[PDB]
Amino acid sequence: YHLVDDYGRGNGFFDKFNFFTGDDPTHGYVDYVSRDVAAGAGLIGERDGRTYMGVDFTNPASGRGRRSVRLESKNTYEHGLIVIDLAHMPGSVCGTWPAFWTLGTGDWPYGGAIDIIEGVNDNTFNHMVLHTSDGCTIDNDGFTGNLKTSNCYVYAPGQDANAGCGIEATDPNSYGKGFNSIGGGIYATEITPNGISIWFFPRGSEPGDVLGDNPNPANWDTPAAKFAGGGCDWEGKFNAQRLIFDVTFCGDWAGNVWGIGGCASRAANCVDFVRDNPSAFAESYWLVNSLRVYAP
Ligand SMILES: OC[C@H]1O[C@@H](O[C@H]2[C@H](O)[C@@H](O)[C@H](O)O[C@@H]2CO)[C@H](O)[C@@H](O)[C@@H]1O
């Protein structure tokens, strides 16, 4: 592997993304704002050399929903290794649905999609998921996490629509609250014609070459998640991926599971909570040490 893109920081980092401002594809109670409005609302910036991307935790929400940003990289990658070092990620906040992921080019779901860091509400464990067209299932080995769903197809029979094929990390510090309390860590994601692997290195435990000029995944510990096997054409189900950061609220996932988990008591429904409790979302932010993409 060799470096192909060091995303830098602050404005140089933001220049590498298009800010999505359309209504949320996942129907959340979110108001994705432009870069200028986000900077004016303090949702994006630089914090001591780190890149910050958060949500409005000040104002009662109105309009489409609570203000946030969704950045989609201008560049795409066919195959490669995406390494992100985060000092902080959106917390395990009720009503939230943060995600750092990649989305293939072309019509959904034919380009495939990879959820590297994702969860909802008060989740504890990171949930790594793939989303593809039909004809793509994964094996049970080569990873430390626990497989929850094996079919990556958006309409896998018996699975909720777009639940995808997901593996749940075993470390309670792999997401939200726990992750932030340890000062974050590093998530490395490798995309090859034979599958996808995602490693989670909690702060301090990362390999010595993960942030360097030639990271070599082959020598790293077992990944937290691995998507591979003959039940999928890894090369054909995934085309060029673009990197995406977002934090939405309620919507298709978080809003539909709100009333069953531990957040149900905070409010009648997800929307009312997100609308009337701005201060709840102070922890819903990404704080990037670095984002580097490599190619074979
Ligand atoms: O987990 C069950 C839940 O899945 C929801 O789909 C999510 C999917 O899990 C997530 O990885 C993707 O990023 O967003 C979709 C939103 O549709 C599904 O919508 C729920 O009905 C279902 O209970």
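Please treat every number below as a calculation from the coordinates, not as lab data. Neighbour counts are summed over all protein chains in view; Cβ atoms, including those assigned to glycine, are modelled from backbone coordinates with ideal geometry.
Numbers at a glance
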| item | result |
| --- | --- |
| Extension gain (nm, one decimal) between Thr144 and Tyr110, 0.36 nm per residue minus Cα-Cα | 9.4 nm |
| Shape call, the stretch 72-132: gyration tensor on alpha carbons, a/c limit 1.5 | prolate |
| Highest-first arrangement of 98-107, 231-240, 117-126, 41-50, where packing means the average Cβ count within 10 Å | 117-126, 98-107, 231-240, 41-50 |
| Cα-centred dipole magnitude for the chain, charges only on beta-carbon of K, R (+1) and D, E (-1), debye, nearest 20 | 600 |
| Where a label projected 7 Å from the Cα of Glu72 along Cα→Cβ would reach, residues of the stretch 214-238 with amide N under 19 Å | 238 |
| Rough spin-label spacing in nm, given labels placed 7 Å along Cα→Cβ, for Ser181 and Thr222 | 2.5 |
| Distance from the stretch 69-87 to the stretch 181-249 (C-alpha centre basis), Å | 11 |
| Shape call, the stretch 1-76: gyration tensor on alpha carbons, a/c limit 1.5 | oblate |
| Centroid-to-centroid separation of the stretch 258-290 and the stretch 114-161 [C-alpha atoms, Å] | 23 |
| Relative contact order (percent, whole number), the stretch 1-93, Cα cutoff 8 Å, 6+ residue spacing | 31 |
| For the chain: relative contact order, % (alpha-carbon pairs under 8 angstrom, 6 or more apart) | 31 |
| Share of Cα-Cα pairs in the chain lying beyond 36 Å, as whole percent | 9 |
| Mean separation of Cα contacts under 8 Å, 6 or more apart, over the residue count of the stretch 89-244: relative contact order % | 28 |
